[PDB]
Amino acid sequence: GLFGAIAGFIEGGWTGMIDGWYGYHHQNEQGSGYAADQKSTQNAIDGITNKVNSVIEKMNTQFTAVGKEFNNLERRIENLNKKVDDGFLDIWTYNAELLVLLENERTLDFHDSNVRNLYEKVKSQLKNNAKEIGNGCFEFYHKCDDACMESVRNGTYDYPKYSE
């Protein structure tokens, strides 16, 4: 991955998290569970939706009858016609194949970037109140209950509140 998170230092995905593309897994004394980050998921969705629609809707054509008919003394213009059809076919096939190859790469780089940005957002919030395991997990140096876990997910986490 271009940004090093997906299939990167975060080795795999979570089938447990069903409600979003990106999110959190928490473990504390009250229990464990998955929660999706709604802001980053919904932005990614908005983004990809606009991409797909751009590729689809920018294609506009006029009413056209492709086929043409020529007698046996018209062979030259018949082959001209064939050269036009085949030329358009070569261009559209090549371009469509590459557009999908190239834009598929970018879409995966996009998801990878979103995951990395989310990770570093949490990292910057926790600072030294938590330890970095490396698999995308932070181990707290203090007790963190559901309300604490939520402040982290909410981006509202209170750093000075823990010197414990």
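In this text, rigid core is short for the largest set of C-alphas that superpose within 1.5 Å between two forms. Start at 1 and count along the sequence shown; that's the residue number.
Just give me the stretch that moves more in 4 other deposited structures of this protein: 46-54 or 60-68, judged by RMS C-alpha distance after a core fit.
With the rigid core fitted, 60-68 is the stretch that strays more in 4 other deposited structures of this protein.
Figure out for me whether 152-160 or 7-15 is the more displaced stretch in 4 other deposited structures of this protein, taking RMS C-alpha distance from the shown form once the rigid core is superposed.
Comparing 7-15 with 152-160, the larger C-alpha deviation in 4 other deposited structures of this protein belongs to 152-160.
Which is higher on mean Cα B factor in this entry, 22-30 or 116-124?
That would be 22-30.
Decide which of the stretches 125-133 and 58-66 has the higher mean C-alpha B-factor, going by the entry.
Between 125-133 and 58-66, it is 125-133 that shows the higher mean C-alpha B-factor.
If I read the C-alpha B-factors straight from the PDB entry, which of 49, 104, 95, 38 is highest?
Within the set 49, 104, 95, 38, 38 shows the top C-alpha B-factor.
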